[PDB]
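Structure first, commentary second.
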Amino acid sequence: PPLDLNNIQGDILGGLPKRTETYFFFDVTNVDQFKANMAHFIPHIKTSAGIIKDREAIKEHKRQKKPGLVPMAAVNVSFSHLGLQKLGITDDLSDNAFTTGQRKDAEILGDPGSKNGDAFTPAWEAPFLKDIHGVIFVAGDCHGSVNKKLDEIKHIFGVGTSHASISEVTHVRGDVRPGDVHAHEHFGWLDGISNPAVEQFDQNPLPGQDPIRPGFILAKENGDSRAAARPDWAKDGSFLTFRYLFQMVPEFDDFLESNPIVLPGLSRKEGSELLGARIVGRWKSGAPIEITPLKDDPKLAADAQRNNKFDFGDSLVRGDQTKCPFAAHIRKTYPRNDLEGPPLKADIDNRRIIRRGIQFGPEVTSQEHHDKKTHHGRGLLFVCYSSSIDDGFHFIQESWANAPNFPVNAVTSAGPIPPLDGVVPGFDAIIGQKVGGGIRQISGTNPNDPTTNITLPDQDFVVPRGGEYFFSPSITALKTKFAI
Ligand code: HEM
């Protein structure tokens with residue numbers, strides 16, 4: 006069937022274009038007044054149709070050399086399980102992670118925290134330990150637009166006044182980095198390269214971007230295995246995972262400088278760069294190591310038609326880590342042929358996620374660089390979408406990233422593979438977390454010596470400090486279940 010793009014919130018399919026973005030986390034205080042205000046709010050919501058239409062208007066305005074105008078920052082909205090309960094919307098959405106809420110789920114994600122008996126409290130910023138009912142987020146070209154748009158939303162809900170239907174728990178702000186590295190995350194890598202193409206939305210998949218069915222992103226659409234268990238209003242909504250991930254950049258840079266790979270043809274500097282590339286699965290530029298294993302290639306990196314056309318072939322079955330470690334970040338989170346090829350021939354479309362991350366915080370200072378220690382908060386506002394957090398984000402984090410035997414344990418489940426005997430890939434070095442904060446190791450990072458492990462510093466390079474699981478309903482769901 007064709008998708009109704011006027012019904013689907015625009016951050017999901019399309020993505021809200023942004024140099025800056027504010028996420029406003031709130032609690033409902035008066036349910037009836039909240040539902041009445043939502044009638045006024047809903048017309049402000051950007052849909053996927055809206056996105057495509059804007060993108061064309063920007064292209065014509067830009068082809069035509071006009072003086073370059075304010076993209077009326079787009080608004081989206083998303084609700085936690087605690088907010089659905091609060092609103093009287095009690096139909097089960099058949100996802101344990103969402104319904105559990107991420108404060109609890111975080112124990113199993115591997116977040117640092119502590120236990121009173123069987124009660125777990127993650128080591129998050131104080132506001133993310135309160136009940137959050139939803140998030141209103143607004144994304145645009147500059148601070149002026151976003152704030153102006155957000156002030157208007159706050160008038161609609163009466164924020165701060167005696168007649169208020171929501172209150173602020175906290176807010177967070179993302180900002181693309183300055184200049185040439187605007188799309189690079191704070192460790193230095195080009196981010197936003199690989200996302201799944203969606204059948205009946207993405208007209209021209211890029212090479213290496215196998216399109217998946219829309220029900221793996223949107224509830225009750227084609228390919229949602231849980232379609233029959235879900236209520237009609239859930240159609241064309243998607244689960245939004247938010248993770249407030251702080252990055253320890255000077256500690257990461259220092260880590261690389263201390264562990265250079267000694268390899269014919271490379272400086273000390275270059276061996277430290279090779280290690281970073283191998284840990285991520287790409288050069289900072291964006292060039293995938295599976296294509297260019299030993300030196301960066303900036304032209305390949307800048308070309309969307311060549312920079313994602315690889316699948317690890319049968320390197321895993323053969324035990325061959327020469328081009329790419331098994332435990333590289335991108336391989337841990339999208340295995341490609343490691344699982345889709347023999348022996349498993351597994352269908353991992355339900356493990357795919359659409360990422361809409363934005364960076365935050367200042368650049369690294371001279372003092373921070375000199376100390377080789379972090380002094381300011383910076384990192385990534387991580388946001389991803391799928392029709393199942395249980396199958397997507399949670400699983401990726403627990404069974405792949407945090408699992409030092411993955412992917413060997415997956416492919417050896419079918420029968421031992423002698424070239425993998427004794428291979429323990431190790432942790433995803435970027436996001437892998439060990440429960441209790443124990444010792445993490447990663448193997449295969451030296452092309453010439455695949456069995457040597459690096460023991461990671463106790464201070465993780467990425468440190469979660471907040472997050473929650475939300476559901477982003479359709480325009481029509483909002484209109485009938487959240488309005489009046
Ligand atoms: C500080 C945190 C993180 C950083 C710095 C980071 C960095 C990156 C980079 C540099 C890429 C490659 C460029 C691209 O394809 O976009 C990437 C891809 C990806 N990351 Fe992350 N990441 C982070 C957290 C996460 C988390 C929490 C998840 C999921 C639980 C995740 C899942 C993925 C996936 C699925 C891909 C795409 C794999 C592919 O299709 O090739 N990442 N990440």
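Just add 5 to the spot in the sequence shown (first one is 1) and you have the authors' numbering. We put the beta carbon where it would ideally sit given N, CA and C, even for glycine.
- For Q90, the enclosing alpha helix (DSSP H) has its first and last residue at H86 to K91.
- Burial check for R68: the Cβ neighbour count within 10 Å stays below 16, so the residue is exposed.
- Residue state for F331 is assigned as coil, using DSSP reduced to three classes.
- Burial is judged here by how many other beta carbons sit within 10 angstroms of a residue's own beta carbon; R341 has at least 16 and is buried.
- In this model, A233 and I113 are separated by some 28 Å (Cα to Cα).
- A straight line joining the alpha-carbon of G442 with that of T34 spans about 38 Å.
- Annotation: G366 to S150 spans about 19 Å, alpha carbon to alpha carbon.
- The beta carbon of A406 sits closer than 8 Å to at least one heavy atom of ligand 1.
- For the pair of segments examined, the region 260–280 was found not to touch the region 401–409: the number of CB pairs separated by less than 8 Å stays below three.
- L279 and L299 have their alpha carbons spaced roughly 7 Å apart.
- For a cut-off of 8 Å, the C-beta gap from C389 to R360 is around 5 Å, short enough to register as a contact.
- Counting along the chain, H191 sits inside no beta strand (DSSP E), nor does DSSP assign it H or E at all.
- Under the 10 Å beta carbon count, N101 is surrounded by fewer than 16 other beta carbons and is classified as exposed.
- DSSP places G471 inside the beta strand (DSSP E), whose first and last residues are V467 to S477.
- For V151, the uninterrupted alpha helix (DSSP H) segment begins and ends at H148 to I161.
- Around the beta-carbon of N313, 16 or more other beta-carbon atoms lie within 10 Å, marking it buried.
- When DSSP states are grouped into helix, strand and coil, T25 belongs to the strand group.
- The Cβ-Cβ distance between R218 and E26 does not fall below 9 Å.
- Pairing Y339 with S199 gives a Cβ-Cβ distance under 9 Å.
- Taking the Cα positions, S53 is about 25 Å away from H160.
- The three-state secondary structure of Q14, taken from DSSP, is strand.
- In the displayed model, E368 falls within coil according to three-state DSSP, outside both helix and strand.
- Straight-line spacing of the CA atoms in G19 and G427 works out to 43 Å.
- For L195, the shortest separation between its Cβ and any heavy atom of ligand 1 lies below 8 Å.
- Taking non-hydrogen atoms of ligand 1 into account, the C-beta of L305 is found less than 8 Å away from none of them.
- Beta-carbon to beta-carbon, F31 and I158 are separated by about 10 Å, too far to satisfy the 8 Å threshold.
- With contacts defined as CB atoms closer than 9 Å, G242 and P478 qualify as a contacting pair.
- In the structure shown, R283 falls within a helical segment according to DSSP collapsed to helix, strand and coil.
- Note: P127 is bridge-paired with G118 in the DSSP secondary-structure output.
- Counted as a single uninterrupted DSSP element, the stretch harbouring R178 is not any alpha helix (DSSP H) but the beta strand (DSSP E) occupying residues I171 to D180.
- In the DSSP secondary-structure assignment, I141 is bridged to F29 and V82.
- For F487, there is no enclosing beta strand (DSSP E), as DSSP marks it with neither H nor E.
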